[PDB]
Amino acid sequence: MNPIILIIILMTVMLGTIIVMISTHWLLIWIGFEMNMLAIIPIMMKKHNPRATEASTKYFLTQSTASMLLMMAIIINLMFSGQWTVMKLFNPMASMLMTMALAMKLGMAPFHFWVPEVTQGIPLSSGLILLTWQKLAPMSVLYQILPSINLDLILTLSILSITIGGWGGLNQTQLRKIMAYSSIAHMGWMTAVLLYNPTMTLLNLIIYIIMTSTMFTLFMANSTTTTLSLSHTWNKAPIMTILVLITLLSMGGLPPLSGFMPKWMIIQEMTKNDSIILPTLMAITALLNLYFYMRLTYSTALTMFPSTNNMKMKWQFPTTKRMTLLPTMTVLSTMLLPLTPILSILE
Amino acid sequence: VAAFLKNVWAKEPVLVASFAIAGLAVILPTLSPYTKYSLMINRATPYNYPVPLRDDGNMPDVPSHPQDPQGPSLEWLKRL
Amino acid sequence: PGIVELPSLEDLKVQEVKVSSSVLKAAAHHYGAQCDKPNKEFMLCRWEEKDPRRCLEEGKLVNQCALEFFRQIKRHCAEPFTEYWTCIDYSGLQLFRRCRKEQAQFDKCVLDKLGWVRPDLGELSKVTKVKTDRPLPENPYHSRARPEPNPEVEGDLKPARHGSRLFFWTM
Amino acid sequence: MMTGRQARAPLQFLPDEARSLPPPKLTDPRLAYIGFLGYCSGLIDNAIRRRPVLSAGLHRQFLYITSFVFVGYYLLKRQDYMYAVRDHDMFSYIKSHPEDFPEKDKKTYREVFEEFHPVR
Amino acid sequence: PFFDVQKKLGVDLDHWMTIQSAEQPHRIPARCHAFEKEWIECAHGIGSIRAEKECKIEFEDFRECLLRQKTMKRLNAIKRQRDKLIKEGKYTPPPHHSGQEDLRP
Amino acid sequence: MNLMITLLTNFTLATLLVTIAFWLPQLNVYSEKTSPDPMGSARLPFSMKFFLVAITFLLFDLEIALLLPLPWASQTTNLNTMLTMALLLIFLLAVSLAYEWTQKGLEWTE
Amino acid sequence: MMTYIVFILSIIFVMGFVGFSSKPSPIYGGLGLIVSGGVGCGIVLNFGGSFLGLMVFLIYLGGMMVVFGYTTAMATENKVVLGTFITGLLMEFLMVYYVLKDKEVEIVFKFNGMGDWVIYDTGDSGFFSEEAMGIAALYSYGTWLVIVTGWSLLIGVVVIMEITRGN
Amino acid sequence: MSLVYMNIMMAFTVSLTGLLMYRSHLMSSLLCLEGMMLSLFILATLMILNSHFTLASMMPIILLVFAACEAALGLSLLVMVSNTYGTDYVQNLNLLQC
Ligand SMILES: CCCCCCCCCCCCCCCCCC(=O)OC[C@H](COP(=O)([O-])OC[C@H](O)COP(=O)([O-])OC[C@H](COC(=O)CCCCCCCCCCCCCCCCC)OC(=O)CCCCCCCCCCCCCCCCC)OC(=O)CCCCCCCCCCCCCCCCC
Ligand SMILES: CCCCCCCCCCCCCCCCCC(=O)OC[C@H](COP(=O)(O)OCCN)OC(=O)CCCCCCCCCCCCCCCCC
Ligand SMILES: CCCCCCCCCCCCCCCCCC(=O)OC[C@H](COP(=O)(O)OCCN)OC(=O)CCCCCCCCCCCCCCCCC
Ligand SMILES: C=C(C)[C@H]1Cc2c(ccc3c2O[C@H]2COc4cc(OC)c(OC)cc4[C@@H]2C3=O)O1
């Protein structure tokens with residue numbers, strides 16, 4: 001791909017997210033999602049292989065169905081309110097359809113069935129874009145319509161996402177599918193605290209984006225897409241195994257790491273509202289994703305591995321890959337918990 | 001500036017006429033004196049009813065009849 | 001809610017201007033010239049009251065002044081007006097531009113026998129002022145009392161009392 | 001929660017009333033922790049590119065510490081501002097609604113009857 | 001997040017198509033211009049929580065202008081009782097509702 | 001209403017003439033034919049260039065759809081803004097054509 | 001019977017979608033969507049949206065379904081289909097019988113059973129179609145809308161030329 | 001409310017159920033998607049014309065244009081699938097299950 005055209009297409013992805021973030025009219029929200037989808041389709045087809053065409057077709061169909069449901073929700077809002085402001089909705093049917101459509105755009109359960117496939121078919125940088133930047137716009141629309149969001153629907157979608165993201169990644173050896181089920185579980189964690197405190201939703205979104213960006217940047221720095229190729233990293237660069245160690249421990253929620261920061265605050269904002277059972281079983285399910293993270297770093301990151309002779313050629317060359325923001329993102333994804341009251345800047 | 005222009009006029013006269021007419025269409029309304037009158041005629045065209053004003057007592061610039069000499073006129077349009 | 005009040009059928013009886021649209025269109029410039037004041041009192045009352053039930057009598061004055069407009073044509077210049085609205089009436093779009101000599105005969109006979117000057121280009125579209133005696137409607141929308149706004153922020157901004165107060169963070 | 005507050009003057013990182021609040025000192029322990037995060041970032045940057053960790057790029061580690069302290073100073077100003085706004089709204093709401101926060105009568109323990117549970 | 005760039009920069013990107021009460025071409029009113037204006041002027045500034053309970057009557061008048069469910073319900077009741085009295089024969093239509101009176105203006 | 005009468009009449013006359021054409025020589029008992037093409041039985045290969053010119057038609061037809069209210073838009077009172085956006089839309093159609101040009105998309109059906 | 005003509009077209013419109021969502025083939029699916037676009041366009045034209053009806057004919061049918069039939073020709077050379085067809089048709093005709101015997105129905109929303117000629121307006125608009133002047137307002141009031149739509153179509157051209165290349 | 005709105009929404013839900021669970025040609029899925037767009041066009045048009053809300057008359061054209069561009073994008077994906085398998089059968093899109 002021509003780098004000028006790549007810059008233009010990435011600016012169009014960013015422009016669609018910005019149009020969803022800033023616009024007051026529902027048609028411009030829909031336009032921003034259309035622009036974002038239309039622009040992100042070539043980023044997935046960067047390498048031009050049939051897995052990326054399958055992934056882009058599945059992503060197209062899911063985001064197009066979600067966009068049609070979003071426009072039907074906007075249209076029922078126009079029936080029952082005669083106007084177009086991006087605020088609370090004026091019909092529970094529009095509320096249900098827009099919550100369903102945004103759940104399809106995020107990849108929340110029961111519409112999760114594309115997120116492990118599409119992330120598998122596309123490269124690591126486009127999977128980084130999909131799992132970080134493509135979460136910003138529907139969380140903004142959910143942030144603005146929360147007076148109309150049905151609590152039972154958003155909590156059903158949230159805990160279904162957390163259970164399916166927990167019990168879907170236990171079986172996984174592919175790193176992109178582990179990140180995709182982790183995505184589904186974290187979107188459940190973001191949307192369950194949405195009607196209680198949306199600032200903690202934003203906190204979970206930013207800490208998730210930092211940790212996911214750290215993980216995909218380490219994946220691009222090591223060129224590892226599987227568990228077993230990740231095991232061959234200590235004999236090439238030993239620090240990269242340490243960084244995927246501390247960042248995967250952070251994404252499951254170990255104290256005293258920074259990825260313990262959001263969900264603890266989320267539990268802290270769900271017991272204020274007298275919900276005890278729900279964050280309890282929610283973090284019970286998060287213990288399962290932490291547990292396969294601890295298998296996936298105990299059994300296959302710490303204790304050192306059989307290597308191959310051609311690796312001794314790769315000792316003679318350093319990494320010339322641009323590891324952009326990787327030490328900053330690794331420090332922020334691990335050592336940020338002593339600054340836990342920074343969350344007030346997101347209020 | 002005239003070697004490349006004669007070269008493209010010998011090779012691609014369709015595109016020379018295209019870029020020239022497009023350039024004229026862009027720059028020429030900023031140079032025409034009649035572009036003001038387009039605006040003036042499109043605001044002088046009464047699609048709606050001229051809703052009258054309640055006479056408060058002091059509106060000298062508002063007429064009391066259509067045939068009164070004060071108010072907006074269209075003699076600039078009748079002459080042109 | 002309530003019962004919507006409607007006027008009786010005797011309150012709606014007025015002698016109608018029972019002429020065709022080409023007849024109205026033929027004399028329309030002299031109509032807007034000569035029947036200015038009751039028409040504008042009616043349209044002022046109609047945009048201000050926002051209610052046609054409050055605009056019946058002024059409307060009757062319109063239908064009083066239009067008929068006297070046509071009687072004053074019928075007493076003096078019935079034949080050039082008839083020759084003019086017939087030519088207006090032939091056209092499917094009712095063009096003024098196809099009918100200029102009949103317009104000239106009608107305007108000549110009207111200026112001679114009635115002294116009426118036809119309005120120029122741009123006169124009948126003027127915003128004019130209307131001196132009436134009826135009072136200004138203090139609530140034309142019948143709006144109820146608006147809800148009181150929330151209290152605004154006042155007072156100088158003090159620091160947070162012992163910081164964030166988040167579990168053990170002392171700042 | 002407080003999104004109707006910063007909607008009258010939107011997209012202000014630090015508003016004008018934030019200048020009425022005491023800014024953090026440069027020896028703020030939060031800001032010192034942020035500078036330590038910058039030093040850790042410089043060490044991880046020399047570690048991932050196989051440089052001498054404590055030796056190479058002292059200007060680069062200096063810009064890491066400088067840039068994290070620089071960003072974190074304004075982040076801590078906004079943090080302190082938002083907790084100050086939270087307490088200001090809390091206190092003005094309690095003052096504007098005296099019926100909802102009644103001064104409950106303080107009873108000393110000579111009137112308070114607590115049930116004694118013996119450990120035996 | 002709603003980063004309000006339009007108010008921060010003072011530009012009008014899409015506030016104009018947002019409501020029916022806004023400035024239309026050639027001053028065309030919507031059918032429920034007055035009702036939407038009344039409900040917007042009721043609910044302005046008081047927040048959505050106070051607006052859902054303190055501007056219920058304006059919003060019901062505006063939603064019933066939009067959908068005309070009460071009006072169609074009343075027309076259904078009148079037309080159904082009229083059809084019943086036509087089938088029973090206790091009512092006859094007048095000449096101005098049968099089309100025999102050569103309309104007014 | 002008269003429009004639907006006209007459309008229905010044209011469809012009726014077309015269906016009448018097509019039915020008479022398909023069934024006036026079927027009165028004949030001519031002969032029964034067994035009759036046991038440039039390609040024989042090969043599958044039709046996909047032509048990428050035909051699809052590219054169809055999508056280029058679709059996208060320029062959408063840009064035409066944006067251009068269609070211009071005779072009504074020339075009647076506005078905001079003529080500077082209107083003229084600017086009209087020249088911007090025709091320029092963006094020209095830029096889409098220039099990108100279709102220079103990236104060899106208009107080749108072998110140029 | 002002529003008073004319900006919009007309603008009658010709407011029934012055909014529903015039938016038309018059950019005509020092609022049963023999906024015997026993309027060929028006949030395209031044919032059913034073209035007939036459905038025609039009858040829904042008749043629905044649009046009967047409310048006074050003449051320009052939007054000609055946008056259905058020029059752009060949806062004449063522009064886009066041509067490209068669907070073209071790609072169906074070039075790229076794509078029962079029991080489930082007929083069963084889903086007759087199932088949806090029985091559902092729709094039972095809905096028609098309900099709403100015509102009751103003049104009131106509730107599936108998701110409450111719906112009146114009289115014709116939609118009642119819900120119109122009794123005024124006039126002078127020397128213009130309001131829908132025509134509202135679409136003319138795209139160039140005077142709709143500046144940001146024109147900008148984002150033109151940029152989306154330019155990006156659409158660029159994106160199609162990227163992913164159809166295969167290199 | 002209006003009775004034609006029920007038929008347009010029922011058409012939308014018919015084409016939505018036709019999109020969701022069939023596992024057939026990919027072109028048939030794109031046809032169901034554009035039937036959903038068609039019903040959205042008709043419904044937006046009848047509402048905006050019903051309420052005489054003049055500035056939203058340009059709204060369905062926008063709803064047309066973007067989505068038709070969307071449709072073009074989908075066809076190109078189909079063509080890439082049609083350049084990979086020779087068919088648009090969506091059960092050929094099962095490489096990413098493992
Ligand atoms: C006239 C104008 C100029 C005047 C100049 C005057 C000053 C001149 C000297 C300039 C230097 C000033 C240094 C900062 C001020 C003092 C800070 C302090 O002692 O805080 C006490 C602070 C609480 O004690 P305090 O009695 O309440 O306050 C006494 C002071 O008034 C402290 O003030 P405070 O009461 O306002 O404390 C506020 C609050 C007090 O804290 C609280 O209210 C509780 C919340 C604390 C966070 C808890 C997080 C727990 C989960 C995460 C654990 C992470 C793993 C542990 C560390 C592993 C390695 C990174 O702070 C926070 O919440 C912020 C977080 C803690 C930051 C502490 C400063 C760190 C700078 C150096 C970083 C190096 C690593 C330090 C340890 C990192 C972990 C904290 O202690 C701790 O939280 C324990 C950690 C140890 C303190 C850090 C000592 C700084 C110097 C370290 C030198 C050695 C470095 C060795 C190499 C690197 C490590 C491997
Ligand atoms: C309230 C919300 C408001 C908005 C808040 C801000 C949200 C920020 C979200 C960040 C999302 C970043 C997505 C990725 C960057 C975008 C551009 C991109 O993809 O760059 C990667 C680039 C691709 O180059 P290419 O040649 O294609 O690589 C293939 C390898 N041969 O180059 C590479 O592949 C090089 C390898 C390293 C790339 C690392 C990129 C890290 C980017 C994330 C930084 C951390 C997030 C920002 C801070 C937190 C914000 C929430
Ligand atoms: C600023 C004004 C408005 C501009 C925007 C509106 C433009 C309207 C017309 C739209 C045209 C759309 C497509 C344009 C593509 C241009 C690039 C191009 O065609 O380059 C290739 C060509 C060589 O041709 P080739 O590649 O071989 O193609 C097969 C034909 N042999 O190489 C060429 O043909 C060379 C083309 C460049 C030289 C043309 C110079 C014309 C000068 C006319 C007088 C001045 C006009 C003022 C504006 C300046 C224009 C440069
Ligand atoms: C295989 C995976 C995923 C995990 C589980 C696990 C390890 C590594 C080591 C051990 C371990 O199991 C635990 C079980 O119980 C305790 C409890 C302990 O304290 C409560 C304790 O303290 C050090 C140690 C232990 C075991 C221990 O050494 O990796």
# chains A, B, ... in the order shown; residues from 1 in each chain; ligands from 1
call {"tool": "residues_near_ligand", "arguments": {"ligand": "ligand 3", "cutoff": "7 Å", "atoms": "only C-alpha atoms and all ligand atoms", "output": "PDB file with N, CA, C and O atoms, in the first residue's frame"}}
result
ATOM      1  N   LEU B   5       3.011  24.103 -21.885  1.00  0.00           N
ATOM      2  CA  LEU B   5       1.628  24.409 -22.236  1.00  0.00           C
ATOM      3  C   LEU B   5       1.341  24.081 -23.697  1.00  0.00           C
ATOM      4  O   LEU B   5       0.288  23.517 -24.016  1.00  0.00           O
ATOM      5  N   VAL B   8       1.242  20.161 -23.851  1.00  0.00           N
ATOM      6  CA  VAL B   8      -0.010  19.549 -23.425  1.00  0.00           C
ATOM      7  C   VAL B   8      -1.166  19.961 -24.335  1.00  0.00           C
ATOM      8  O   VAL B   8      -2.121  19.194 -24.499  1.00  0.00           O
ATOM      9  N   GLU B  12      -2.756  16.617 -25.287  1.00  0.00           N
ATOM     10  CA  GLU B  12      -4.021  16.413 -24.583  1.00  0.00           C
ATOM     11  C   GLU B  12      -4.858  17.684 -24.608  1.00  0.00           C
ATOM     12  O   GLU B  12      -5.019  18.340 -23.577  1.00  0.00           O
ATOM     13  N   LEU B  15      -7.904  17.746 -22.112  1.00  0.00           N
ATOM     14  CA  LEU B  15      -7.624  18.093 -20.729  1.00  0.00           C
ATOM     15  C   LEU B  15      -7.219  19.552 -20.577  1.00  0.00           C
ATOM     16  O   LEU B  15      -7.481  20.142 -19.531  1.00  0.00           O
ATOM     17  N   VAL B  16      -6.631  20.164 -21.607  1.00  0.00           N
ATOM     18  CA  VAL B  16      -6.315  21.588 -21.529  1.00  0.00           C
ATOM     19  C   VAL B  16      -7.594  22.412 -21.502  1.00  0.00           C
ATOM     20  O   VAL B  16      -7.744  23.324 -20.677  1.00  0.00           O
ATOM     21  N   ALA B  17      -8.549  22.079 -22.378  1.00  0.00           N
ATOM     22  CA  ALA B  17      -9.845  22.752 -22.355  1.00  0.00           C
ATOM     23  C   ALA B  17     -10.583  22.489 -21.049  1.00  0.00           C
ATOM     24  O   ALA B  17     -11.231  23.393 -20.507  1.00  0.00           O
ATOM     25  N   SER B  18     -10.435  21.282 -20.494  1.00  0.00           N
ATOM     26  CA  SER B  18     -11.092  20.935 -19.238  1.00  0.00           C
ATOM     27  C   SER B  18     -10.544  21.749 -18.071  1.00  0.00           C
ATOM     28  O   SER B  18     -11.311  22.382 -17.337  1.00  0.00           O
ATOM     29  N   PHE B  19      -9.219  21.749 -17.887  1.00  0.00           N
ATOM     30  CA  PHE B  19      -8.625  22.524 -16.803  1.00  0.00           C
ATOM     31  C   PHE B  19      -8.806  24.024 -16.999  1.00  0.00           C
ATOM     32  O   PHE B  19      -8.965  24.745 -16.014  1.00  0.00           O
ATOM     33  N   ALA B  20      -8.877  24.505 -18.245  1.00  0.00           N
ATOM     34  CA  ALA B  20      -9.069  25.936 -18.461  1.00  0.00           C
ATOM     35  C   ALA B  20     -10.488  26.375 -18.124  1.00  0.00           C
ATOM     36  O   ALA B  20     -10.681  27.408 -17.471  1.00  0.00           O
ATOM     37  N   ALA B  22     -12.522  24.777 -16.119  1.00  0.00           N
ATOM     38  CA  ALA B  22     -12.653  24.604 -14.676  1.00  0.00           C
ATOM     39  C   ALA B  22     -12.007  25.751 -13.908  1.00  0.00           C
ATOM     40  O   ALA B  22     -12.577  26.241 -12.925  1.00  0.00           O
ATOM     41  N   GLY B  23     -10.830  26.201 -14.351  1.00  0.00           N
ATOM     42  CA  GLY B  23     -10.190  27.335 -13.713  1.00  0.00           C
ATOM     43  C   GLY B  23     -10.978  28.619 -13.864  1.00  0.00           C
ATOM     44  O   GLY B  23     -11.075  29.403 -12.918  1.00  0.00           O
ATOM     45  N   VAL B  26     -13.932  28.457 -11.503  1.00  0.00           N
ATOM     46  CA  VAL B  26     -13.546  28.728 -10.124  1.00  0.00           C
ATOM     47  C   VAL B  26     -13.301  30.220  -9.912  1.00  0.00           C
ATOM     48  O   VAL B  26     -13.888  30.833  -9.014  1.00  0.00           O
TER      49      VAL B  26
ATOM     50  N   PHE F  91     -15.470  19.131  -8.013  1.00  0.00           N
ATOM     51  CA  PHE F  91     -14.039  18.905  -7.881  1.00  0.00           C
ATOM     52  C   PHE F  91     -13.734  17.557  -7.243  1.00  0.00           C
ATOM     53  O   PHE F  91     -12.761  16.907  -7.621  1.00  0.00           O
ATOM     54  N   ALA F  94     -14.095  15.093  -9.850  1.00  0.00           N
ATOM     55  CA  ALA F  94     -12.903  15.148 -10.692  1.00  0.00           C
ATOM     56  C   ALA F  94     -11.688  14.512 -10.022  1.00  0.00           C
ATOM     57  O   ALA F  94     -10.840  13.939 -10.707  1.00  0.00           O
ATOM     58  N   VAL F  95     -11.592  14.591  -8.696  1.00  0.00           N
ATOM     59  CA  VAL F  95     -10.474  13.981  -7.982  1.00  0.00           C
ATOM     60  C   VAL F  95     -10.637  12.467  -7.935  1.00  0.00           C
ATOM     61  O   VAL F  95      -9.657  11.723  -8.072  1.00  0.00           O
ATOM     62  N   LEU F  97     -12.105  10.854 -10.299  1.00  0.00           N
ATOM     63  CA  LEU F  97     -11.725  10.490 -11.662  1.00  0.00           C
ATOM     64  C   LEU F  97     -10.212  10.519 -11.855  1.00  0.00           C
ATOM     65  O   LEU F  97      -9.664   9.672 -12.559  1.00  0.00           O
ATOM     66  N   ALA F  98      -9.516  11.466 -11.222  1.00  0.00           N
ATOM     67  CA  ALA F  98      -8.066  11.549 -11.381  1.00  0.00           C
ATOM     68  C   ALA F  98      -7.363  10.399 -10.673  1.00  0.00           C
ATOM     69  O   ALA F  98      -6.351   9.888 -11.162  1.00  0.00           O
ATOM     70  N   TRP F 101      -7.879   7.509 -12.800  1.00  0.00           N
ATOM     71  CA  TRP F 101      -6.963   7.637 -13.928  1.00  0.00           C
ATOM     72  C   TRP F 101      -5.578   7.119 -13.564  1.00  0.00           C
ATOM     73  O   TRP F 101      -5.098   6.131 -14.128  1.00  0.00           O
ATOM     74  N   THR F 102      -4.923   7.791 -12.614  1.00  0.00           N
ATOM     75  CA  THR F 102      -3.495   7.649 -12.374  1.00  0.00           C
ATOM     76  C   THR F 102      -3.118   6.343 -11.695  1.00  0.00           C
ATOM     77  O   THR F 102      -1.937   5.985 -11.698  1.00  0.00           O
TER      78      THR F 102
END
call {"tool": "residues_near_ligand", "arguments": {"ligand": "ligand 1", "cutoff": "12 Å", "atoms": "only C-alpha atoms and all ligand atoms", "output": "PyMOL selection string"}}
result
(chain A and resi 254-261+331+334-342) or (chain C and resi 162-171) or (chain D and resi 24-40+65+69+76)
call {"tool": "write_last_selection", "arguments": {"atoms": "C-alpha atoms", "output": "short mmCIF file (atom, residue, chain, number, x, y, z; two decimals), in the first residue's frame"}}
result
data_model
loop_
_atom_site.label_atom_id
_atom_site.label_comp_id
_atom_site.auth_asym_id
_atom_site.auth_seq_id
_atom_site.Cartn_x
_atom_site.Cartn_y
_atom_site.Cartn_z
CA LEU A 254 -3.47 -8.75 39.45
CA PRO A 255 -2.67 -6.33 42.23
CA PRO A 256 -0.62 -4.22 42.46
CA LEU A 257 -0.71 -3.74 38.69
CA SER A 258 -2.64 -1.07 36.83
CA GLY A 259 -5.12 -3.43 35.20
CA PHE A 260 -6.36 -4.21 38.69
CA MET A 261 -7.16 -0.47 38.92
CA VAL A 331 5.31 1.37 32.24
CA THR A 334 1.92 -2.00 34.87
CA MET A 335 3.01 0.74 37.29
CA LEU A 336 0.04 3.11 37.38
CA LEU A 337 -1.93 1.87 40.43
CA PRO A 338 -0.29 4.33 42.95
CA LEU A 339 -1.84 7.04 40.75
CA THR A 340 -5.33 5.49 40.96
CA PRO A 341 -7.07 8.85 41.84
CA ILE A 342 -6.00 10.17 38.41
CA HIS C 162 -8.15 16.00 52.45
CA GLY C 163 -7.83 15.20 48.76
CA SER C 164 -9.52 12.45 46.79
CA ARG C 165 -10.74 10.59 49.92
CA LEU C 166 -10.26 7.37 47.92
CA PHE C 167 -9.54 4.58 50.45
CA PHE C 168 -6.03 5.60 51.54
CA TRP C 169 -4.79 8.14 49.02
CA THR C 170 -4.16 11.18 51.19
CA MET C 171 -4.03 13.58 48.23
CA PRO D 24 1.11 21.10 43.11
CA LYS D 25 4.66 21.71 44.18
CA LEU D 26 7.47 20.38 42.02
CA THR D 27 8.37 18.05 44.93
CA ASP D 28 4.87 16.54 44.92
CA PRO D 29 5.24 12.80 45.71
CA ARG D 30 2.71 12.02 42.98
CA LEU D 31 4.80 14.02 40.51
CA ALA D 32 7.96 12.35 41.83
CA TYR D 33 6.35 8.97 41.16
CA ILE D 34 5.55 10.15 37.63
CA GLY D 35 9.19 11.12 37.15
CA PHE D 36 10.17 7.68 38.39
CA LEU D 37 7.83 6.24 35.75
CA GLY D 38 9.80 8.30 33.24
CA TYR D 39 13.07 6.86 34.53
CA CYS D 40 11.62 3.34 34.27
CA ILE D 65 11.75 12.05 33.01
CA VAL D 69 6.87 15.22 34.86
CA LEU D 76 -2.40 16.43 38.70
#
call {"tool": "atom_distance", "arguments": {"atom1": "atom CA of residue 68 of chain A", "atom2": "atom CA of residue 8 of chain H"}}
result
14.0 Å
call {"tool": "interface_residues", "arguments": {"of": "chain B", "to": "chain F", "cutoff": "8 Å", "atoms": "only C-alpha atoms", "output": "PyMOL selection string"}}
result
chain B and resi 26+39+42-43
call {"tool": "atom_distance", "arguments": {"atom1": "atom CA of residue 110 of chain G", "atom2": "atom CA of residue 93 of chain G"}}
result
18.1 Å
call {"tool": "residues_near_ligand", "arguments": {"ligand": "ligand 2", "cutoff": "7 Å", "atoms": "only C-alpha atoms and all ligand atoms", "output": "ChimeraX atom specification"}}
result
/A:10,125-126,128-129,132-133,136,202,206,209-210,213,217,220-221,322-326,329 /E:1
call {"tool": "interface_residues", "arguments": {"of": "chain C", "to": "chain B", "cutoff": "12 Å", "atoms": "only C-alpha atoms", "output": "NGL selection string"}}
result
:C and (29-48 or 116-137)
call {"tool": "write_last_selection", "arguments": {"atoms": "C-alpha atoms", "output": "PDB file, in the first residue's frame"}}
result
ATOM      1  CA  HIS C  29     -52.280  44.131  -8.542  1.00  0.00           C
ATOM      2  CA  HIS C  30     -55.037  46.732  -8.271  1.00  0.00           C
ATOM      3  CA  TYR C  31     -56.547  44.610  -5.480  1.00  0.00           C
ATOM      4  CA  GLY C  32     -53.316  44.722  -3.492  1.00  0.00           C
ATOM      5  CA  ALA C  33     -53.098  48.432  -4.239  1.00  0.00           C
ATOM      6  CA  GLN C  34     -56.629  49.457  -3.270  1.00  0.00           C
ATOM      7  CA  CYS C  35     -57.539  46.857  -0.616  1.00  0.00           C
ATOM      8  CA  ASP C  36     -54.318  47.283   1.373  1.00  0.00           C
ATOM      9  CA  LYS C  37     -55.527  48.323   4.823  1.00  0.00           C
ATOM     10  CA  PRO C  38     -58.204  45.678   5.712  1.00  0.00           C
ATOM     11  CA  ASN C  39     -56.117  42.879   4.182  1.00  0.00           C
ATOM     12  CA  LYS C  40     -53.075  43.871   6.222  1.00  0.00           C
ATOM     13  CA  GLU C  41     -55.121  44.329   9.410  1.00  0.00           C
ATOM     14  CA  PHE C  42     -56.398  40.799   8.843  1.00  0.00           C
ATOM     15  CA  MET C  43     -52.987  39.276   8.150  1.00  0.00           C
ATOM     16  CA  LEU C  44     -51.497  41.096  11.127  1.00  0.00           C
ATOM     17  CA  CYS C  45     -54.307  39.738  13.324  1.00  0.00           C
ATOM     18  CA  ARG C  46     -53.775  36.330  11.727  1.00  0.00           C
ATOM     19  CA  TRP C  47     -50.026  36.090  12.387  1.00  0.00           C
ATOM     20  CA  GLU C  48     -50.418  37.612  15.853  1.00  0.00           C
ATOM     21  CA  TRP C 116     -55.789  53.769  -9.719  1.00  0.00           C
ATOM     22  CA  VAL C 117     -52.070  53.328 -10.369  1.00  0.00           C
ATOM     23  CA  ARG C 118     -50.938  49.729 -10.768  1.00  0.00           C
ATOM     24  CA  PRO C 119     -48.182  48.706  -8.314  1.00  0.00           C
ATOM     25  CA  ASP C 120     -44.679  48.449  -9.690  1.00  0.00           C
ATOM     26  CA  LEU C 121     -42.182  45.607  -9.528  1.00  0.00           C
ATOM     27  CA  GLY C 122     -41.347  45.237  -5.844  1.00  0.00           C
ATOM     28  CA  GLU C 123     -44.167  47.085  -4.123  1.00  0.00           C
ATOM     29  CA  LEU C 124     -46.718  44.465  -3.061  1.00  0.00           C
ATOM     30  CA  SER C 125     -43.916  42.386  -1.503  1.00  0.00           C
ATOM     31  CA  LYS C 126     -43.033  45.173   0.948  1.00  0.00           C
ATOM     32  CA  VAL C 127     -43.269  44.730   4.698  1.00  0.00           C
ATOM     33  CA  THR C 128     -45.674  47.505   5.693  1.00  0.00           C
ATOM     34  CA  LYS C 129     -46.811  48.700   9.105  1.00  0.00           C
ATOM     35  CA  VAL C 130     -50.377  48.401  10.357  1.00  0.00           C
ATOM     36  CA  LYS C 131     -52.048  50.710  12.874  1.00  0.00           C
ATOM     37  CA  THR C 132     -54.744  48.747  14.715  1.00  0.00           C
ATOM     38  CA  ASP C 133     -56.499  49.274  18.038  1.00  0.00           C
ATOM     39  CA  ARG C 134     -56.641  45.639  19.155  1.00  0.00           C
ATOM     40  CA  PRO C 135     -54.200  44.741  21.951  1.00  0.00           C
ATOM     41  CA  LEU C 136     -51.053  42.679  21.655  1.00  0.00           C
ATOM     42  CA  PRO C 137     -51.550  39.022  22.711  1.00  0.00           C
TER      43      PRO C 137
END
call {"tool": "select_by_dssp", "arguments": {"residues": "chain G", "states": "strand (DSSP E)", "output": "list in words"}}
result
residues 104, 105, 106, 110, 111 and 112 of chain G
call {"tool": "interface_residues", "arguments": {"of": "chain H", "to": "chain G", "cutoff": "6 Å", "atoms": "only C-alpha atoms", "output": "MDAnalysis selection string"}}
result
chainID H and resid 1 3:4 7 11 15 18 28 54:55 57:58
call {"tool": "interface_residues", "arguments": {"of": "chain E", "to": "chain B", "cutoff": "10 Å", "atoms": "only C-alpha atoms", "output": "NGL selection string"}}
result
:E and (26-28)
